[PDB]
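S.K.: This is the structure, below, for whatever I ask next.
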Amino acid sequence: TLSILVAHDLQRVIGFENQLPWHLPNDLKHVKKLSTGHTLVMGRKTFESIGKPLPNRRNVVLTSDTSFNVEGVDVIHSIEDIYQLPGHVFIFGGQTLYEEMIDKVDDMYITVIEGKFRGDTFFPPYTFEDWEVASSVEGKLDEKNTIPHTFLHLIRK
Ligand SMILES: NC(=O)c1ccc[n+]([C@@H]2O[C@H](COP(=O)([O-])OP(=O)(O)OC[C@H]3O[C@@H](n4cnc5c(N)ncnc54)[C@H](OP(=O)(O)O)[C@@H]3O)[C@@H](O)[C@H]2O)c1
Ligand SMILES: COc1cc(Cc2cnc(N)nc2N)c2c(c1OC)O[C@@H](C1CC1)C=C2
């Protein structure tokens, strides 16, 4: 199983200066829950953003750099290597990966952040004409989680 994992705002911003533009613990708990015991694929920039392997799952980092050999982390140098990986594979970011994989994944788990932020990286445009809403569940707003947000599970029609 090949899935995208992404959080994006109303204009499909995903990134600003190699960080997330928003602070939203719920989303991060969601990511954790979904991908425990499974595999994350991710481009070098996103990994260096996170700065160390994510515990309790297989971290795979896609890079052109053949000197890459980080403890905790498996490296690949081709998009095609993704299809070799066993198990549930989540495409974890960032923009380059999403663009490369979006026509290939079986489904997407998306957090829509119901705000407009300044970004420098984006999720590719997509149509619900192409993608069916298997579930839509509103994040809960609270002291700690203060932007409206919706958990979409979409599956390719
Ligand atoms: N909202 C979210 O859910 C979310 C999730 C993840 C990331 N982000 C954001 O996304 C932004 C980063 O996106 P980005 O596109 O700039 O970076 P990125 O996708 O994380 O990484 C790009 C790098 O990945 C490697 N790569 C990609 N495709 C490759 C290929 N086909 N073959 C070999 N290597 C390949 C290359 O590394 P090398 O140059 O080393 O070869 C490339 O420079 C950040 O702002 C981050 O905060 C948001
Ligand atoms: C740009 O830096 C980060 C990028 C991601 C990828 C990501 C985040 N949220 C969602 N809904 N999907 C993702 N693929 C995550 C992240 C980042 O920095 C912290 O935190 C992780 C932490 C919660 C485990 C979760 C995903």
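Within each chain, counting starts at residue 1; across the structure tokens, chains are named A, B, ... in the order shown, with ligands numbered 1 upward in that order.
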Residues contacting ligand 1 - anything with an atom at most 9 Å away, using only C-alpha atoms and all ligand atoms - can you give me those as a ChimeraX atom specification?
M.R.: /A:5-9,12-22,27,31,42-50,61-66,68,76-80,91-100,110-111,119-123
S.K.: Going by DSSP on the backbone, which residues of region 82-155 of chain A come out as alpha helix (DSSP H)? List them as a list in words.
M.R.: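 These are the residues in question: residues 95, 96, 97, 98, 99, 100 and 101 of chain A.
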S.K.: Would you put the residues from that selection into a file with C-alpha atoms, as a JSON list (two decimals), in the first residue's frame?
M.R.:
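Written file, out.json:
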```json
[["chain", "number", "residue", "atom", "x", "y", "z"],
["A", 95, "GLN", "CA", 6.94, 19.09, -2.44],
["A", 96, "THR", "CA", 9.19, 17.23, -4.88],
["A", 97, "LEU", "CA", 8.07, 13.83, -3.57],
["A", 98, "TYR", "CA", 4.38, 14.75, -3.63],
["A", 99, "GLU", "CA", 4.71, 15.91, -7.23],
["A", 100, "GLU", "CA", 6.54, 12.74, -8.21],
["A", 101, "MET", "CA", 4.24, 10.32, -6.40]]
```
S.K.: Just to confirm, what's the straight-line distance from CA of residue 69 (chain A) to atom 25 (C, counted along the ligand's line) of ligand 2 in Å (one decimal)?
M.R.: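 Separation between CA of residue 69 (chain A) and atom 25 (C, counted along the ligand's line) of ligand 2: 21.8 Å.
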S.K.: Interatomic distance between CA of residue 133 (chain A) and CA of residue 154 (chain A)?
M.R.: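 If I compute the distance from CA of residue 133 (chain A) to CA of residue 154 (chain A), I get 4.8 Å.
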S.K.: Which neighbours of residue 156 (chain A) fall inside 9 Å, counting only C-alpha atoms, when residues of the same chain fewer than 2 positions from it are skipped, and could you give them as a ChimeraX atom specification?
M.R.: /A:105-108,130-132,154
S.K.: Would you save the residues of that selection, restricted to C-alpha atoms, as a PDB file, in the first residue's frame?
M.R.:
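After the write, result_13.pdb holds the following:
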```
ATOM      1  CA  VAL A 105      -0.277   6.452  -4.727  1.00  0.00           C
ATOM      2  CA  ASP A 106      -3.389   4.429  -3.924  1.00  0.00           C
ATOM      3  CA  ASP A 107      -4.719   6.973  -1.442  1.00  0.00           C
ATOM      4  CA  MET A 108      -3.902  10.186   0.432  1.00  0.00           C
ATOM      5  CA  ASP A 130     -10.240  12.119  -9.349  1.00  0.00           C
ATOM      6  CA  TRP A 131     -10.419  11.381  -5.643  1.00  0.00           C
ATOM      7  CA  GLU A 132     -13.203  10.030  -3.500  1.00  0.00           C
ATOM      8  CA  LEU A 154      -9.145  10.181  -0.167  1.00  0.00           C
TER       9      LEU A 154
END
```
S.K.: Do a neighbour search on residue 149 (chain A) at 7 Å with only C-alpha atoms, toss out local chain neighbours closer than 6 positions, and write the hits as a ChimeraX atom specification.
M.R.: /A:111-114,138-139
S.K.: What does the file look like for those residues with N, CA, C and O atoms, as an mmCIF file, in the first residue's frame?
M.R.:
```
data_model
loop_
_atom_site.group_PDB
_atom_site.id
_atom_site.type_symbol
_atom_site.label_atom_id
_atom_site.label_comp_id
_atom_site.auth_asym_id
_atom_site.auth_seq_id
_atom_site.Cartn_x
_atom_site.Cartn_y
_atom_site.Cartn_z
ATOM 1 N N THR A 111 -4.414 16.417 5.933
ATOM 2 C CA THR A 111 -4.962 17.419 6.833
ATOM 3 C C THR A 111 -5.094 18.751 6.098
ATOM 4 O O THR A 111 -4.098 19.391 5.756
ATOM 5 N N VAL A 112 -6.332 19.154 5.841
ATOM 6 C CA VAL A 112 -6.608 20.489 5.332
ATOM 7 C C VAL A 112 -6.622 21.494 6.475
ATOM 8 O O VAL A 112 -7.465 21.440 7.375
ATOM 9 N N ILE A 113 -5.659 22.404 6.439
ATOM 10 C CA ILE A 113 -5.603 23.490 7.399
ATOM 11 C C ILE A 113 -6.426 24.650 6.869
ATOM 12 O O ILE A 113 -6.093 25.245 5.847
ATOM 13 N N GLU A 114 -7.514 24.956 7.565
ATOM 14 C CA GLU A 114 -8.458 25.957 7.109
ATOM 15 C C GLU A 114 -7.937 27.360 7.442
ATOM 16 O O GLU A 114 -8.604 28.144 8.111
ATOM 17 N N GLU A 138 -13.607 16.470 11.222
ATOM 18 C CA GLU A 138 -13.105 17.753 11.714
ATOM 19 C C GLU A 138 -12.192 17.577 12.920
ATOM 20 O O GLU A 138 -12.606 17.035 13.946
ATOM 21 N N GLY A 139 -10.955 18.044 12.800
ATOM 22 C CA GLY A 139 -10.108 18.268 13.961
ATOM 23 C C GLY A 139 -10.862 18.979 15.066
ATOM 24 O O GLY A 139 -11.792 19.735 14.804
#
```
S.K.: Write down as a list in words the residues belonging to region 12-125 of chain A that are assigned strand (DSSP E) by DSSP computed on the backbone.
M.R.: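 Here is the list: residues 13, 14, 15, 39, 40, 41, 42, 43, 58, 59, 60, 61, 62, 73, 74, 75, 76, 89, 90, 91, 107, 108, 109, 110, 111, 112, 113, 121 and 122 of chain A.
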S.K.: Could you write those residues out with N, CA and C atoms, as an mmCIF file, in the first residue's frame?
M.R.:
```cif
data_model
loop_
_atom_site.group_PDB
_atom_site.id
_atom_site.type_symbol
_atom_site.label_atom_id
_atom_site.label_comp_id
_atom_site.auth_asym_id
_atom_site.auth_seq_id
_atom_site.Cartn_x
_atom_site.Cartn_y
_atom_site.Cartn_z
ATOM 1 N N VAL A 13 -0.462 25.407 0.539
ATOM 2 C CA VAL A 13 0.847 25.562 1.165
ATOM 3 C C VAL A 13 1.143 24.379 2.086
ATOM 4 N N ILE A 14 2.389 23.917 2.066
ATOM 5 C CA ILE A 14 2.810 22.815 2.923
ATOM 6 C C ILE A 14 4.040 23.197 3.745
ATOM 7 N N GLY A 15 4.737 24.243 3.317
ATOM 8 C CA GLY A 15 6.064 24.537 3.843
ATOM 9 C C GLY A 15 6.378 26.021 3.822
ATOM 10 N N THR A 39 6.256 2.446 7.120
ATOM 11 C CA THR A 39 7.409 3.031 6.445
ATOM 12 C C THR A 39 7.104 4.442 5.938
ATOM 13 N N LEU A 40 7.998 5.380 6.245
ATOM 14 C CA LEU A 40 7.940 6.725 5.676
ATOM 15 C C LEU A 40 9.015 6.900 4.608
ATOM 16 N N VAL A 41 8.601 7.342 3.426
ATOM 17 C CA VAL A 41 9.528 7.844 2.424
ATOM 18 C C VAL A 41 9.485 9.369 2.373
ATOM 19 N N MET A 42 10.635 9.978 2.125
ATOM 20 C CA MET A 42 10.783 11.413 2.305
ATOM 21 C C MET A 42 12.061 11.901 1.636
ATOM 22 N N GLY A 43 11.997 13.089 1.053
ATOM 23 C CA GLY A 43 13.158 13.695 0.418
ATOM 24 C C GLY A 43 14.129 14.303 1.412
ATOM 25 N N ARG A 58 10.071 2.539 9.962
ATOM 26 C CA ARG A 58 11.121 2.611 8.955
ATOM 27 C C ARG A 58 11.157 3.989 8.280
ATOM 28 N N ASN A 59 12.263 4.699 8.485
ATOM 29 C CA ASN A 59 12.544 5.940 7.781
ATOM 30 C C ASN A 59 13.406 5.705 6.545
ATOM 31 N N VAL A 60 12.857 6.015 5.376
ATOM 32 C CA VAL A 60 13.620 5.972 4.136
ATOM 33 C C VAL A 60 13.769 7.368 3.538
ATOM 34 N N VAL A 61 15.007 7.775 3.270
ATOM 35 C CA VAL A 61 15.265 9.115 2.736
ATOM 36 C C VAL A 61 15.747 9.050 1.289
ATOM 37 N N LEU A 62 15.017 9.718 0.400
ATOM 38 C CA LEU A 62 15.371 9.760 -1.012
ATOM 39 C C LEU A 62 16.301 10.934 -1.281
ATOM 40 N N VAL A 73 18.450 5.175 9.359
ATOM 41 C CA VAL A 73 17.845 5.650 8.120
ATOM 42 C C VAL A 73 18.321 4.829 6.929
ATOM 43 N N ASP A 74 17.373 4.356 6.128
ATOM 44 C CA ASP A 74 17.685 3.688 4.873
ATOM 45 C C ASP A 74 17.596 4.664 3.709
ATOM 46 N N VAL A 75 18.532 4.548 2.775
ATOM 47 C CA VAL A 75 18.652 5.514 1.695
ATOM 48 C C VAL A 75 18.223 4.881 0.382
ATOM 49 N N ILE A 76 17.580 5.676 -0.468
ATOM 50 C CA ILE A 76 17.372 5.302 -1.859
ATOM 51 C C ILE A 76 17.701 6.474 -2.769
ATOM 52 N N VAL A 89 3.554 1.939 2.814
ATOM 53 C CA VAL A 89 4.515 3.009 2.583
ATOM 54 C C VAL A 89 3.794 4.349 2.546
ATOM 55 N N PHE A 90 4.186 5.254 3.441
ATOM 56 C CA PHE A 90 3.686 6.633 3.418
ATOM 57 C C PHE A 90 4.699 7.602 2.795
ATOM 58 N N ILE A 91 4.267 8.313 1.754
ATOM 59 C CA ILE A 91 5.012 9.467 1.235
ATOM 60 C C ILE A 91 4.857 10.702 2.122
ATOM 61 N N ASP A 107 -3.893 6.027 -2.171
ATOM 62 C CA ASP A 107 -4.719 6.973 -1.442
ATOM 63 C C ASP A 107 -3.880 8.087 -0.805
ATOM 64 N N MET A 108 -4.563 9.078 -0.243
ATOM 65 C CA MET A 108 -3.902 10.186 0.432
ATOM 66 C C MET A 108 -4.602 10.421 1.765
ATOM 67 N N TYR A 109 -3.811 10.535 2.828
ATOM 68 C CA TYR A 109 -4.291 11.111 4.079
ATOM 69 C C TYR A 109 -3.872 12.576 4.203
ATOM 70 N N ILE A 110 -4.853 13.466 4.131
ATOM 71 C CA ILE A 110 -4.595 14.896 4.055
ATOM 72 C C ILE A 110 -5.205 15.585 5.265
ATOM 73 N N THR A 111 -4.414 16.417 5.933
ATOM 74 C CA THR A 111 -4.962 17.419 6.833
ATOM 75 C C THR A 111 -5.094 18.751 6.098
ATOM 76 N N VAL A 112 -6.332 19.154 5.841
ATOM 77 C CA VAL A 112 -6.608 20.489 5.332
ATOM 78 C C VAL A 112 -6.622 21.494 6.475
ATOM 79 N N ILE A 113 -5.659 22.404 6.439
ATOM 80 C CA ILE A 113 -5.603 23.490 7.399
ATOM 81 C C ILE A 113 -6.426 24.650 6.869
ATOM 82 N N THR A 121 6.573 26.320 -0.364
ATOM 83 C CA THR A 121 6.368 25.015 -0.977
ATOM 84 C C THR A 121 4.889 24.645 -0.949
ATOM 85 N N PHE A 122 4.476 23.842 -1.927
ATOM 86 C CA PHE A 122 3.058 23.649 -2.207
ATOM 87 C C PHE A 122 2.723 22.186 -2.489
#
```
S.K.: With distances taken over only C-alpha atoms and all ligand atoms, which residue among A:102, A:155, A:10, A:54 lies nearest ligand 2?
M.R.: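 So, comparing all the options, the nearest one is A:54.
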S.K.: Looking at A:35, A:11, A:67, A:146, which one is nearest to ligand 2, with distances taken over only C-alpha atoms and all ligand atoms?
M.R.: A:35
S.K.: Would you kindly return, as a count of residues only, each protein, DNA or RNA residue with an atom no farther than 8 Å from any atom of residue 24 (chain A), considering only C-alpha atoms and excluding same-chain residues fewer than 6 positions away?
M.R.: 4
